[PDB]
Amino acid sequence: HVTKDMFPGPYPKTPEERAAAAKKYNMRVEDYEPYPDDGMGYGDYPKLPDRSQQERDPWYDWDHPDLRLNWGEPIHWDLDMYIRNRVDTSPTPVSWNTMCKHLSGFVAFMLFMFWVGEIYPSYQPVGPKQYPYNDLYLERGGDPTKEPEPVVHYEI
Amino acid sequence: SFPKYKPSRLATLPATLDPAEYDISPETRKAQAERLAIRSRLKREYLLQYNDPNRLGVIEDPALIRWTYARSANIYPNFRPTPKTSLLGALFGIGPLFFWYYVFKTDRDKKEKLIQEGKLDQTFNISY
Amino acid sequence: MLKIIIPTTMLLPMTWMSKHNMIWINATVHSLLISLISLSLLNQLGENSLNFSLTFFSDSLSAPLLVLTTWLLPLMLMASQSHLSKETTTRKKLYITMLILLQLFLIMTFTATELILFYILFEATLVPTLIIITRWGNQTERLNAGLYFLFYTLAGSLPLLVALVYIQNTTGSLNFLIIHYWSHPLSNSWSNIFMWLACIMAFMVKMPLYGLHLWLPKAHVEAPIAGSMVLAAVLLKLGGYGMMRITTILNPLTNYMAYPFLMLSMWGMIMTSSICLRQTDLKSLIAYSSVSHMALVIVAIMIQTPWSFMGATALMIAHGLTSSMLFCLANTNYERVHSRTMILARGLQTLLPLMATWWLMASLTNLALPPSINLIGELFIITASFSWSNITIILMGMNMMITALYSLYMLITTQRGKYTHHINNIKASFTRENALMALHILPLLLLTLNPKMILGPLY
Amino acid sequence: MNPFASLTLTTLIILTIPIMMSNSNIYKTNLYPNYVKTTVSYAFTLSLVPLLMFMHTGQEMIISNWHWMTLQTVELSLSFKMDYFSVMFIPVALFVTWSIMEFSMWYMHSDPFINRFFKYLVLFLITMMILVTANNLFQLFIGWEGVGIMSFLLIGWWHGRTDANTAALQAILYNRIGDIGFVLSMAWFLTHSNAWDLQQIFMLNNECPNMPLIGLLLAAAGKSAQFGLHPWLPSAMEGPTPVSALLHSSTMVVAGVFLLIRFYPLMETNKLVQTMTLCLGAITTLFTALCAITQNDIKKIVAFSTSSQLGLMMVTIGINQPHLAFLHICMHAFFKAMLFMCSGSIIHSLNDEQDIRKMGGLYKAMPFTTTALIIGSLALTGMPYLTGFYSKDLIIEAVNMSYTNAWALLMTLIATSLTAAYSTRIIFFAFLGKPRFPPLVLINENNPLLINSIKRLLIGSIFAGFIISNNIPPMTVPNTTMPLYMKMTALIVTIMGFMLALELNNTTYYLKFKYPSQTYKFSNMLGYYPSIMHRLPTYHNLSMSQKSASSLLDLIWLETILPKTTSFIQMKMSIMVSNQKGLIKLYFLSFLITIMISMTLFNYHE
Amino acid sequence: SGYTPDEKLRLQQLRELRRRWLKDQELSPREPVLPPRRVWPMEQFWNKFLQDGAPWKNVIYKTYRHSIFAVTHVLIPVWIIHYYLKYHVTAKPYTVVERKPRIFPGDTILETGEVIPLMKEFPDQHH
């Protein structure tokens, strides 16, 4: 059914095995392009555009409608990362760098203003709140034998 | 015009913003036709098996088997030790190990120094 | 232990003398009967161990493992009899014989009072396991898997043999009780460092330690379903049990000798959990998840606390049950579509509802959802590690996050979404498969009611 | 003994009976949803007696009925804390889920697995009750995680839909980030206090250090969807509307701030962690209220409103007002669940349409839905003497009067304007104006289940604040003396938001069209937080998990180092040794070499 | 520019086949055929009494339903729980520990019988 000659092979060195690789993966030779031969083990597997499945046409009649895949067509090396449950590469209304700048500026501005409001706190024009019995020395767990230093409040 | 949209790896160039969609040569038309023909041949081959009343099982997909083989069994036959692979292997395999060893060893030496001088309080640490 | 060992031995004459069509019935009935008998070993004592004879003993560490082994045998038999239906009578009897031999070797391994006897029994488990993998596996890759598993284990084990006989010549005994009661501190020298390495590396490669684990995906994937069940459930635990036994002679050398192994396992649990996020083979994903839980067990044994040992014991038991369940669940789909590729058969919940429920239970247990004993073990180990160093909480929290992600990812991809259009052979779940999952899952949850039965002798 | 304990327990046990019955015979019939709704109503009625006993004399107790295991010196038992928080939250949650189940009997009527849907609702309720009544950290974790998994299963209720599964896994992911902090706090409390029960934890932590409190804050920020782990709550709208109303608006999402309230004696004694939670709540409420004013999906608007209210709860915790936060939980449950049911009524009447742009003219076409939504939005915006006025107004009063971060104060005031703004958006687009929905008018809100459930939560949204405020004891000291401009601050800011939103909404009727500003884009696309953080970190994680984790290490270098290189060396040695000429002459010449070497440098003959 | 004759013909043929398939999905009056079942005496009294479903019969049917539900879901569980707490849980120390009631000046203690003294005279702040 699927013979040995139908499997992925090593990187194609000469343009006749490159065309054979294109034929094996059901592509045009001018569309087939392997990953660079850099010792990472890609072999002759075609390097398809790094486009998520969410970018595929949803109104087309795919053999696999959920994955937006057609039978027999070459599968991207990163299919299980670009499925619609996962990393999306879809074009956005605002460009990526501008979004990064706006989000990062918002977060940085918020953090800085929180620090500023920490060193410039808001409070009411009142003296400290007063409690009896030496600021509740016993009630707060003070040692009942050692006598606390008296904390005396005054009728102003 | 208007402020340009800059494509990125994670927010790509939309088709309607792509200049190649507007400068189409006759050879581009022939390439599109050949792509349609390949796609139609694959679609016909799949639909013939799919609609067969006397087929039971799974329609074996050579693309799927090629994908699963390339990701598992074709990698070491085609790996080479190059400066890139060796640098990356050393950095990602050995780097985190010694980084974490340094972090944990520093933390535990500080803890043990605190314990020796009794500067670490363990008033209610009877479960370890 | 003879009231357990001899009935198991009697499975072989009974298997070979039974009718051709009573093979599975007889083996299942009497292996379940033996598992019932093994439960009486859970009556343990607070201080001492159950020292039956000079050659076999039982304590709270080995009794749950013995129960797990005796329980795994019948589930193995139910899992096997489908794919071995077309086999000859003699070959079915040989497969059953291999399974019985493995169970007998494991039973004597977990109760051997002497270290060298433990070594021989733990090495004997290789032979039926290797036979199962290489003779009854499905792919051409089973041969290379068998070679990897054999030679990784043996390269680990032979230095252990040398170290054990050296210890017997210098100390005079390899008896576990004598070894504990006559414990000598281990000095800091190259001699003792290499004695430590020899005593530890066999159990390290067995668990397996990250970096020494490349045999496990091959072996657990290429093996037939019963082989994968035992390899994931009881054979990995031989390293943890042996490490717990032998660390009593390695102190205080373990204080600093464990740093490379602690680092390896703490980072490799992250590494192998991440690998699971991208595995395209379902059985390979399930095999790769065993490495992370076993890395947690490695850390727990290497930090040498009562809480760490309790957590490691509970985690070993829970992982055995859960990993075997997951392998069986993957095998049920494999027997329908004849492939281990995970995205081949999608949207299975609308075709196999109760099997989808079994999948959800298995994923939840792999998640370590409280109050399951998976969570109990993981949490105990996490707390002990936090005491060991607070910074361990970063890595272990990352690991539990990634574990959740890949477990639920597997669940979603196999069970949810839209069914595959061209796969028209997903027959309804047989009573046998549903019973297999139920017998995996019910004792797992019942253990939550009596968690001390799997918390080891340090409880 | 005392009926309080038996009644508090029995309220919990009755919930589980329809679960055990979910395999008998009634679960196969069409009487199961009504059956479970009836047991929930009965459990609500029973839970009032403990509430009444507490109201009378403040009856509180801890019950440790079943010992589970002892770990040397740590005893782990099933312990229920029947305190003010438990005995007040249980009746409120039971009332709300009673209304939700009655609503679901109409809204999910056509669901082929409505029995399983109601069973999942009861399971979530049971797990939340476990979460709320738990007297130790392990039991609380059980409730926490059971709540999380029930949320996962109910968000992905329609499991054939990719976005629903993605949202469910996203909820799991963010809550696991929070679970890291939860487990951190568990480990710290075991290590330092030798306990997971609250009594000894409060006993041994008179001055609680940073690490456990920061872990608890991380867990709370995860569960309550605070800024940084916020995006999952609005994406949880993938669930059916009853799921939203029950779990992700009124009951389940307040678990984090409830966690922080449960440890308020510890948080009381740590100013740094208090400032952290105060600032996190402020940024959450401001940012989420900013997102809502431009959302077009009614459920998205209400989800961002729920996130804003959770941020406000975090704020009032961060100013050492835990009981105020609990009161706001109880008050918010009523009108938030009721608002979600009003939204569901609109959605059902409009054939599953959820865009407010396609709404309009429903003021008269849906009179009762309109009255309910208007009352609920007035309660939300702190209208005096409604349910939200007895917590939210006091919260603003306390935050204005405290020694607080100035920026957090300003942000919470601005978010108080923005909540009126987004309530205005909902009313103006859904109910005012002209019909914008398809011509086939199917508007029909005349159903006893819908009307009655919304009515019960309406009476709650009107009177519940006054009843609960006057029946709890004073758990604080009041702010009796403040400037007049500070006393009317909340009213003034909500009126400003109302008027400005009305001005902006009315402008949409003008025959002018202008392309959006960049502030509109920031607000409408949610600050680009999901666009960045759901694409960058996930891509790098998955790309690494393949390229470096699997290929580079496992398939390549781990192979190369030990097994492949060793095998290669053995093969090379085999070739060198085995391949011999087969000549006698060479063998005996080598023999001469060996003999000479044995009688020379190799010291043998000497 | 619109359907080709081939596209139009194939679409109408598929339309006819699809409409025949969809009409064929309709159930017959006999369908589904149910298998026999048994009726218990408790529900046997209801097909003879509630066969009319009168308003006075509806009230008594709801009363029977609600009383059975009340006893089986409230009374039996509360019986078991009260027994459990009263005779097993509270047979061990510190299992159920109740926060003690607040005690105010003036109060009379039930157990001993003592009267709590009233507070001292207020300094008499006048509003």
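Note that these values count all heavy atoms, side chains included, but never hydrogens, waters or copies made by symmetry. Order of the sequence lines fixes the chain letters, A, B, ..., with proteins taken first and strands second; residue numbering starts at 1 for each chain.
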Interface check, chain C: of D:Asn175, D:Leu169, D:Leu153, D:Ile180, most non-hydrogen pairs under 4.5 Å belong to D:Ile180

Find out whether D:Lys223 and D:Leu259 are in side-chain contact, i.e. whether some heavy atom of one side chain is under 4.5 Å from a heavy atom of the other.
no

What part of D:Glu559 lies closer than 4.5 angstrom to a heavy atom of chain C: side chain, backbone, both or neither?
both

Name the region of C:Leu369, side chain, backbone, both or neither, that has any atom closer than 4.5 Å to a heavy atom of chain D.
side chain

What part of D:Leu173 gets within 4.5 angstrom of chain C, counting heavy atoms only: side chain, backbone, both, or neither?
both

Go through the atoms of C:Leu411 and report whether side chain, backbone, both or neither lie under 4.5 Å from a heavy atom of chain D.
side chain

Of the listed residues (C:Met400, C:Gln279, C:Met396, C:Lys452), which shares the most heavy-atom pairs with chain D below a 4.5 Å separation?
C:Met400

Could you tell me whether a side-chain N or O of D:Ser574 sits under 3.5 Å from a main-chain N or O of D:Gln570, the two making a donor and an acceptor?
no

Please determine whether a side-chain nitrogen of the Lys or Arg among C:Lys283 and C:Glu222 lies less than 4.0 Å from a carboxylate oxygen of the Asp or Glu.
no

So, does D:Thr566 use its side chain to make a donor-acceptor pair with the main chain of D:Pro563 at under 3.5 Å?
no

Which bit of C:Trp307 is near chain D, if near means a heavy-atom gap under 4.5 Å: side chain, backbone, both or neither?
side chain

Donor-acceptor pair, D:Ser64 side chain versus D:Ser79 backbone, under 3.5 Å?
no

Would you kindly say whether D:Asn205 and D:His192 are connected by a side-chain donor-acceptor distance under 3.5 Å?
no

Measure distances from C:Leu147 to the heavy atoms of chain D and classify the residue's part below 4.5 Å as side chain, backbone, both or neither.
neither

Give, as side chain, backbone, both or neither, the part of D:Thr70 having an atom under 4.5 angstrom from any heavy atom of chain C.
both

Any idea which of D:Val74, D:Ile142, D:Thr162 has the most non-hydrogen atom pairs under 4.5 angstrom with chain C?
D:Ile142

Tell me, side chain or backbone of D:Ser550 under 4.5 Å from chain C's heavy atoms, or both, or neither?
both

Any side-chain donor paired with an acceptor under 3.5 Å for D:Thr191 and C:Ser387?
no

Contacting region of D:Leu558 [heavy-atom separation from chain C under 4.5 Å]:
both

Does any heavy atom of chain D fall under 4.5 Å from the side chain of C:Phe151, the backbone, both, or neither of them?
neither

Tell me the closest heavy-atom pair linking D:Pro212 and D:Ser185, and the distance in Å.
O-CB, 3.7 Å

Less than 4.5 Å to any heavy atom of chain D: does that hold for the side chain of C:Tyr210, its backbone, both, or neither?
side chain

Please state whether the side chain, the backbone, both or neither of D:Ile172 comes within less than 4.5 Å of a heavy atom of chain C.
side chain

Using non-hydrogen atoms only, which part of C:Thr448 is less than 4.5 Å away from chain D: side chain, backbone, both, or neither?
both

So, the part of D:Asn541 with a heavy atom under 4.5 Å from chain C: the answer is side chain

Is a side-chain N or O of C:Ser308 found less than 3.5 angstrom from the main chain of C:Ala300, in a donor-acceptor match?
yes

Under 3.5 Å: donor-acceptor pair, side chain of D:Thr127, backbone of D:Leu123
yes

Heavy-atom distance under 4.5 Å to chain C: side chain of D:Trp66, backbone, both or neither?
side chain

Keeping the roles fixed (side chain from D:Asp179, backbone from D:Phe182), state whether a donor-acceptor pair exists under 3.5 Å.
no

If you count heavy-atom pairs under 4.5 Å with chain D, which of C:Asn450, C:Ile394, C:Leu375, C:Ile382 comes out on top?
C:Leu375

Side-chain donor-acceptor contact under 3.5 Å, C:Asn366 with C:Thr403
no

Measure distances from C:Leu367 to the heavy atoms of chain D and classify the residue's part below 4.5 Å as side chain, backbone, both or neither.
both

Check each atom of D:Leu553 against the heavy atoms of chain C and say whether the ones under 4.5 Å are side chain, backbone, both or neither.
side chain

Using heavy-atom distances under 4.5 Å, tell me whether D:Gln72 contacts chain C through its side chain, its backbone, both, or neither.
side chain

Does D:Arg262 reach the main-chain N or O of D:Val132 with its side chain, forming a donor-acceptor pair under 3.5 Å?
yes

